[PDB]
>>> print(open('run14.csv').read())   # CSV, C-alpha atoms and all ligand atoms
chain,number,residue,atom,x,y,z
A,1,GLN,CA,14.9,3.7,-29.6
A,2,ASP,CA,12.4,6.1,-31.3
A,3,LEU,CA,9.2,4.0,-30.8
A,4,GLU,CA,10.3,2.6,-27.4
A,5,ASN,CA,10.9,6.1,-26.1
A,6,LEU,CA,7.6,7.3,-27.5
A,7,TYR,CA,5.8,4.4,-25.7
A,8,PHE,CA,7.5,5.0,-22.3
A,9,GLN,CA,7.0,8.8,-22.4
A,10,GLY,CA,4.8,9.9,-19.5
A,11,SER,CA,5.0,6.4,-18.0
A,12,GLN,CA,8.6,6.1,-16.6
A,13,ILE,CA,7.7,6.8,-12.9
A,14,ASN,CA,4.1,5.6,-12.9
A,15,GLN,CA,2.7,7.7,-10.1
A,16,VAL,CA,-0.7,6.9,-8.6
A,17,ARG,CA,-3.3,8.9,-6.7
A,18,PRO,CA,-4.7,6.9,-3.7
A,19,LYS,CA,-8.5,7.0,-3.2
A,20,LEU,CA,-9.5,9.1,-0.2
A,21,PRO,CA,-9.7,6.4,2.5
A,22,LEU,CA,-6.3,5.0,1.5
A,23,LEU,CA,-4.9,8.5,1.3
A,24,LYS,CA,-5.9,9.1,4.9
A,25,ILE,CA,-4.0,5.9,5.9
A,26,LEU,CA,-0.8,7.0,4.1
A,27,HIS,CA,-1.1,10.5,5.8
A,28,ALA,CA,-1.4,8.8,9.2
A,29,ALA,CA,1.9,7.1,8.5
A,30,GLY,CA,3.5,10.5,7.7
A,31,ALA,CA,3.0,10.7,4.0
A,32,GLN,CA,2.4,14.2,2.4
A,33,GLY,CA,0.5,15.2,-0.7
A,34,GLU,CA,-1.6,13.0,-2.8
A,35,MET,CA,0.7,11.7,-5.6
A,36,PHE,CA,3.0,8.7,-4.9
A,37,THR,CA,4.9,5.9,-6.5
A,38,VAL,CA,3.5,2.4,-5.7
A,39,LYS,CA,6.8,1.8,-3.9
A,40,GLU,CA,6.1,4.8,-1.6
A,41,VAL,CA,2.6,3.5,-1.1
A,42,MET,CA,4.0,0.1,0.2
A,43,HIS,CA,6.5,1.9,2.4
A,44,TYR,CA,3.8,4.0,4.1
A,45,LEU,CA,1.4,1.1,4.5
A,46,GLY,CA,4.2,-0.9,6.2
A,47,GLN,CA,4.9,2.2,8.4
A,48,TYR,CA,1.1,2.5,9.2
A,49,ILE,CA,1.0,-1.1,10.5
A,50,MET,CA,4.0,-0.5,12.6
A,51,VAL,CA,2.8,2.8,14.2
A,52,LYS,CA,-0.8,1.6,14.8
A,53,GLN,CA,0.7,-1.7,16.3
A,54,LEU,CA,-1.6,-3.9,14.1
A,55,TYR,CA,1.0,-6.7,13.8
A,56,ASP,CA,1.4,-9.6,16.3
A,57,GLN,CA,4.6,-9.2,18.2
A,58,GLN,CA,5.2,-12.9,18.3
A,59,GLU,CA,4.1,-13.8,14.8
A,60,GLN,CA,5.1,-10.5,13.1
A,61,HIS,CA,4.0,-11.6,9.6
A,62,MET,CA,0.4,-11.5,10.9
A,63,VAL,CA,-1.6,-8.2,10.7
A,64,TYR,CA,-4.8,-7.8,12.7
A,65,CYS,CA,-6.5,-5.0,10.9
A,66,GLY,CA,-10.2,-5.8,11.7
A,67,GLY,CA,-10.3,-3.0,14.3
A,68,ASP,CA,-9.1,-0.5,11.8
A,69,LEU,CA,-9.8,1.6,8.6
A,70,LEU,CA,-7.2,-0.7,6.9
A,71,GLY,CA,-9.4,-3.7,7.7
A,72,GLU,CA,-12.4,-2.0,6.1
A,73,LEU,CA,-10.5,-1.3,3.0
A,74,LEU,CA,-9.1,-4.9,2.8
A,75,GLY,CA,-12.4,-6.4,3.7
A,76,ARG,CA,-10.6,-8.6,6.3
A,77,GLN,CA,-10.0,-9.0,10.0
A,78,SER,CA,-6.5,-10.3,9.5
A,79,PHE,CA,-3.9,-11.1,6.8
A,80,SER,CA,-0.5,-12.6,6.6
A,81,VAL,CA,2.3,-10.8,4.6
A,82,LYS,CA,3.2,-14.4,3.4
A,83,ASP,CA,-0.2,-14.5,1.5
A,84,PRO,CA,-0.6,-10.9,0.3
A,85,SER,CA,-3.5,-11.4,-2.2
A,86,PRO,CA,-5.9,-9.2,-0.3
A,87,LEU,CA,-3.4,-6.3,-0.4
A,88,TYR,CA,-2.9,-6.7,-4.2
A,89,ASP,CA,-6.7,-6.7,-4.6
A,90,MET,CA,-7.1,-3.6,-2.4
A,91,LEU,CA,-4.4,-1.6,-4.2
A,92,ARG,CA,-5.7,-2.5,-7.6
A,93,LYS,CA,-9.0,-0.9,-6.5
A,94,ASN,CA,-7.6,2.0,-4.5
A,95,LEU,CA,-4.7,3.4,-6.7
A,96,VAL,CA,-5.7,5.5,-9.7
A,97,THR,CA,-3.1,5.8,-12.5
A,98,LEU,CA,-2.0,9.3,-13.1
A,101,LIG,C1,8.1,-11.6,9.3
A,101,LIG,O1,7.7,-10.3,9.6
A,101,LIG,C2,7.4,-9.4,8.6
A,101,LIG,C3,8.1,-9.6,7.4
A,101,LIG,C4,7.8,-8.7,6.4
A,101,LIG,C5,7.0,-7.6,6.5
A,101,LIG,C6,6.8,-6.8,5.4
A,101,LIG,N1,6.7,-7.3,4.2
A,101,LIG,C7,6.5,-6.1,3.2
A,101,LIG,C8,5.6,-6.4,2.1
A,101,LIG,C9,4.6,-7.4,2.3
A,101,LIG,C10,3.6,-7.6,1.3
A,101,LIG,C11,3.7,-6.9,0.1
A,101,LIG,CL1,2.6,-7.2,-1.2
A,101,LIG,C12,4.7,-5.9,-0.1
A,101,LIG,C13,5.6,-5.7,0.9
A,101,LIG,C14,6.2,-4.9,4.1
A,101,LIG,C15,4.7,-4.6,4.2
A,101,LIG,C16,4.2,-3.6,3.4
A,101,LIG,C17,2.9,-3.3,3.3
A,101,LIG,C18,2.0,-4.0,4.1
A,101,LIG,CL2,0.3,-3.6,4.1
A,101,LIG,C19,2.5,-5.0,5.0
A,101,LIG,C20,3.8,-5.3,5.0
A,101,LIG,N2,6.7,-5.4,5.4
A,101,LIG,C21,7.0,-4.5,6.4
A,101,LIG,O2,6.4,-3.4,6.5
A,101,LIG,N3,8.1,-4.7,7.2
A,101,LIG,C22,9.3,-5.4,6.7
A,101,LIG,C23,10.0,-6.1,7.7
A,101,LIG,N4,10.3,-5.1,8.8
A,101,LIG,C24,9.6,-4.0,9.0
A,101,LIG,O3,10.1,-3.1,9.7
A,101,LIG,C25,8.3,-3.8,8.4
A,101,LIG,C26,6.3,-7.4,7.7
A,101,LIG,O4,5.5,-6.3,7.8
A,101,LIG,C27,4.8,-6.0,9.0
A,101,LIG,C28,3.6,-6.9,9.0
A,101,LIG,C29,5.5,-6.1,10.3
A,101,LIG,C30,6.6,-8.3,8.8
>>> encode(input="run14.csv", output="structure tokens")
Amino acid sequence: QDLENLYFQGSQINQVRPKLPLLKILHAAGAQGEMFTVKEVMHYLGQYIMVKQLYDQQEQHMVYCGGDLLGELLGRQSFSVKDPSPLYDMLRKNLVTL
């Protein structure tokens, strides 16, 4: 496992540093510091949407973010968790590999 170990050294957790606008969002959802796993980022974004009440209480897969910093980042007024392409795009641009 010599070469496989070498390759995966320093890359087993894959922490990211959010860009400053996204960092502010994660902090608003109760995150601390500025290094996270991608899983943590998703947890805090979900929490953010809940605490800012950006989801539709009837159609809870729908997020209305156009009011919000999150909408600015995504470049959208709304999105559905069923079609999460804008979120993928945003996180590719707003997470820096450590
Ligand atoms: C049918 O109602 C649902 C179904 C799934 C989700 C959802 N689905 C999860 C999810 C969605 C897309 C991706 Cl790419 C990753 C994770 C995660 C999530 C994480 C980040 C963001 Cl920005 C939005 C949602 N995520 C949630 O954050 N949920 C999970 C369900 N219950 C919760 O308490 C919150 C959902 O999220 C809010 C819009 C309410 C609502």
>>> residues_near_ligand(input="run14.csv", ligand="ligand LIG 101 (chain A)", cutoff="9 Å", atoms="all atoms listed in the file", output="PyMOL selection string")
chain A and resi 39+41-50+53-57+59-63+70+79-88
>>> write_last_selection(input="run14.csv", atoms="C-alpha atoms", output="short mmCIF file (atom, residue, chain, number, x, y, z; two decimals), in the frame of the given file")
data_model
loop_
_atom_site.label_atom_id
_atom_site.label_comp_id
_atom_site.auth_asym_id
_atom_site.auth_seq_id
_atom_site.Cartn_x
_atom_site.Cartn_y
_atom_site.Cartn_z
CA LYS A 39 6.80 1.80 -3.90
CA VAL A 41 2.60 3.50 -1.10
CA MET A 42 4.00 0.10 0.20
CA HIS A 43 6.50 1.90 2.40
CA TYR A 44 3.80 4.00 4.10
CA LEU A 45 1.40 1.10 4.50
CA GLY A 46 4.20 -0.90 6.20
CA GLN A 47 4.90 2.20 8.40
CA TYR A 48 1.10 2.50 9.20
CA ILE A 49 1.00 -1.10 10.50
CA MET A 50 4.00 -0.50 12.60
CA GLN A 53 0.70 -1.70 16.30
CA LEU A 54 -1.60 -3.90 14.10
CA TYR A 55 1.00 -6.70 13.80
CA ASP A 56 1.40 -9.60 16.30
CA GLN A 57 4.60 -9.20 18.20
CA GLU A 59 4.10 -13.80 14.80
CA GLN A 60 5.10 -10.50 13.10
CA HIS A 61 4.00 -11.60 9.60
CA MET A 62 0.40 -11.50 10.90
CA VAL A 63 -1.60 -8.20 10.70
CA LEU A 70 -7.20 -0.70 6.90
CA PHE A 79 -3.90 -11.10 6.80
CA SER A 80 -0.50 -12.60 6.60
CA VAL A 81 2.30 -10.80 4.60
CA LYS A 82 3.20 -14.40 3.40
CA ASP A 83 -0.20 -14.50 1.50
CA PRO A 84 -0.60 -10.90 0.30
CA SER A 85 -3.50 -11.40 -2.20
CA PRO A 86 -5.90 -9.20 -0.30
CA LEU A 87 -3.40 -6.30 -0.40
CA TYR A 88 -2.90 -6.70 -4.20
#
>>> closest_residue(input="run14.csv", among="A:68, A:76, A:98, A:89", to="residue 12 in chain A", atoms="only C-alpha atoms")
A:98
>>> residues_around(input="run14.csv", residues="residue 22 in chain A", least_positions_apart="3", cutoff="8 Å", atoms="all atoms listed in the file", output="mmCIF file with C-alpha atoms, keeping the file's coordinate frame")
data_model
loop_
_atom_site.group_PDB
_atom_site.id
_atom_site.type_symbol
_atom_site.label_atom_id
_atom_site.label_comp_id
_atom_site.auth_asym_id
_atom_site.auth_seq_id
_atom_site.Cartn_x
_atom_site.Cartn_y
_atom_site.Cartn_z
ATOM 1 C CA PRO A 18 -4.700 6.900 -3.700
ATOM 2 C CA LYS A 19 -8.500 7.000 -3.200
ATOM 3 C CA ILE A 25 -4.000 5.900 5.900
ATOM 4 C CA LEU A 26 -0.800 7.000 4.100
ATOM 5 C CA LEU A 70 -7.200 -0.700 6.900
ATOM 6 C CA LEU A 73 -10.500 -1.300 3.000
ATOM 7 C CA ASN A 94 -7.600 2.000 -4.500
#
>>> atom_distance(input="run14.csv", atom1="CA of residue 96 in chain A", atom2="CA of residue 4 in chain A")
24.0 Å
>>> atom_distance(input="run14.csv", atom1="CA of residue 37 in chain A", atom2="CA of residue 8 in chain A")
16.0 Å
>>> atom_distance(input="run14.csv", atom1="CA of residue 78 in chain A", atom2="CA of residue 17 in chain A")
25.3 Å
